[PDB]
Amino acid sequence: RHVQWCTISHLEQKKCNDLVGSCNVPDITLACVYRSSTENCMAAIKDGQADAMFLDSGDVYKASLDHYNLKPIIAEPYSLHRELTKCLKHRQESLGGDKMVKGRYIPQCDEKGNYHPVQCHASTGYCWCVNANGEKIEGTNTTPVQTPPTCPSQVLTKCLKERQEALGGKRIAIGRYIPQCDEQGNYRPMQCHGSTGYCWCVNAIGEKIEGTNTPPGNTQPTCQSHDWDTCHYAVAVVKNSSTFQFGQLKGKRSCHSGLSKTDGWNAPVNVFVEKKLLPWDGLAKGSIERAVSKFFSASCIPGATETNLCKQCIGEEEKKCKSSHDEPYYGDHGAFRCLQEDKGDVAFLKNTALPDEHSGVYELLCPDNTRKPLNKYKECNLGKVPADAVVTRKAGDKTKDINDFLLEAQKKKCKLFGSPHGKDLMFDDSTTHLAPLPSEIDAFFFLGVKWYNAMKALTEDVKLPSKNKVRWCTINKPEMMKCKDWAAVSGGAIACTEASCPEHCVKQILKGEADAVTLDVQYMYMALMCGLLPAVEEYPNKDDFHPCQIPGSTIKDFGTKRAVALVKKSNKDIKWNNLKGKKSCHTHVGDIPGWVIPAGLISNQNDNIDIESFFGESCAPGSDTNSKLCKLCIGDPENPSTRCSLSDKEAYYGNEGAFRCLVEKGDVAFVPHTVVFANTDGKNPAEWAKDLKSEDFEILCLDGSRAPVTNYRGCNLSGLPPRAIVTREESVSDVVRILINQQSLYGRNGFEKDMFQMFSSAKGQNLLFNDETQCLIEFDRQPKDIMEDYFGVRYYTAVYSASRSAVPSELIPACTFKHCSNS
């Protein structure tokens, strides 16, 4: 296994070469490939000449475009603010679940708010070991007949971990820095070197605050406590011997980290434009680089083409003004050197490149036309900037080898983040740890929509789609065709986009390529986790059309299905809490009322034991024919095996089929509440349902009681939420207004229903909306968690344990990735 790293300079190649010799990672060999600039390395990775490089966030955006097709895979984790510990959040969510779902696991947290390594389930007496995230160590379950297990102690905090490393077996590491930790195990704001007498400030995760390093005998700056804001900040640094303010930058000499860098270009230019220091607003006034060329008299901006923007660079011959360390003024520490050597009056870089020392001739140039000390960058900056990242090809053929090497190299403490040859070679010198990013992350989700759009805005005039048009996302060709017919009559209110599946529609809406889509319940958790909201919902009640005639009216019964546990009146011995070992009948594996809801409740109350193992002998079409979930399944009256199959071949398949399994050979069936009324009172002419009576059956309540099949509203496993039309938060009002108007024309009572019908089509079934939809009802947003608000507390608890930590789609870790954005 090999990893070929692309270096952009002679100095970087020299550092990478040193790591080839010094860093011994078994199974994986590192190699270094020289190219002359950042862009030439990006092309080399696209072409397979190399596999990976570290990129500024600005270049991460540029590399994501079709010219290069690279994606970020590894980056240093950062924090926006202090958050609740995971255990305490889990405790709060589980305590906020539906109290009628009895016997649920409530985590046990310690005096620091973390998980006790031993976790136990009160109602079952089962205990197990967990990791720091409270996730069960599989295979450590112990039954109540045994003593609770012996579980390893929790992993130490970063400060205590590095304290024990610094000591390293010895009881005192003499002459070396030993971190000082508080009582929660986080870094004390003030840190001091036990031998040199120097002191400085750190944030809560131990990152040094620039401009606070203080030699002994001097007054140290005040160190802020509980600092969990670890995003990097773009800053403008100047010497205290000058006197101009930010608003007087016109005509000055400037040093920038680079033309493509976010801290050296995007952040200052963004502020120049918003403060109208630059006579520029759109691509009609030329390029941004030309406008900046008119603003400054002479600058060093590596990568620039304009002559005066390269005048101050000091690279030799072809190396001058190159995006490469061979240009001595390239990068954050090159821009600072350019100011230090008086080739510029101001340098544009980020806080992590500022001097550590408090005393000196440098200060910060704030955009509010004041100047402030180095350590006040959080209140004197040009914005938070995104993290930087290791990138590779979008195909990800080398992602695992790159991740494995860097993980092993960091474990062995290889010299990744420093070098005698120079600063910020291969990686930023400020970097302390590099971690894998979510597997589905791309530049959009890594940078965030705010910074992604801001970067795009400097390259093209982004025509923002109209708020009076709803771009509908379709998932197949017939839907696209019905949507094109809708657009033809809509007068421009409706347009169409094409995706392959509902999740890609969610992605399109997030990225501003579409505006709305109708989602099955099984996709709503991922949609809500990613930040979309229900705008309107499909109202399915055929008995009451009054909420559809008069909008906004009160709804007596939304009419969605209710999952129930159906048993016979004769079997008086069976209640909810003894279904273990009985004979269950499921419509099919994957059905929400017949499987997902029952399996969720069984898992919540029996330590995630398999619904396979929970019952005795069952019929659940979808399982393996050899399992006990198909023993009850009768294949086909016309024997071919078609047993336990997902077709009408299996006699026990579906709503009516699970009702068959109950009466024939079974004692409990998981079905919607409508199944018993549809197949009793002689409503089914078949011989098995020969005038079977509805009063012959009852439904099981979660409190151990029973009730007649008519009271499904108060004795159910869970009611399903309706299907929802989702959109972005800022677009809910427009989508609601446009859809309600379209419904007044082409709904079931539309004034123009002869021209188009929203809820039917000759092109197929359930296109765009379900064909049985009565109308769309605006979602009445309540002051609660959107998860509980949309799903209902019962469904939320039964299927998701009322938790925001489920991952039913790998898109969720990518779309919930936190960003370094500004207001």
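Residue numbers here begin at 1 and follow the sequence given.
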Among the other entries that model both neighbours of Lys693, does it go unmodelled in a third or more?
no
Determine if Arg171 is unmodelled in a third or more of the other PDB entries compared for this protein.
yes
How much of the deposited sequence is absent from the coordinates between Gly581 and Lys582: none, 1 to 3, 4 to 9, or 10 or more residues?
none
Per the PDB entry, mean CA B-factor is higher for 210-218 or 305-313, namely for 305-313
Stretch exceeding the other in mean C-alpha B-factor - 131-139, 522-530
131-139
Top Cα B-factor in this entry, restricted to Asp424, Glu730, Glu650, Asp356, sits on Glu650
Of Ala267, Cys585, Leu160, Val237, which one's C-alpha B factor is largest in the deposited record?
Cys585
Could you place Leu811 in the lowest, middle or highest third of its chain by Cα temperature factor, using the values in the record?
lowest
Test of reading the entry: by CA B factor among the chain's modelled residues, which third contains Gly764?
middle
Ranked against its chain, the third holding the CA B-factor of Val25
highest
The third of the chain into which the C-alpha temperature factor of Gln782 falls is the highest
Against its chain's modelled residues, does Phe272's Cα B factor rank lowest, middle or highest third?
middle
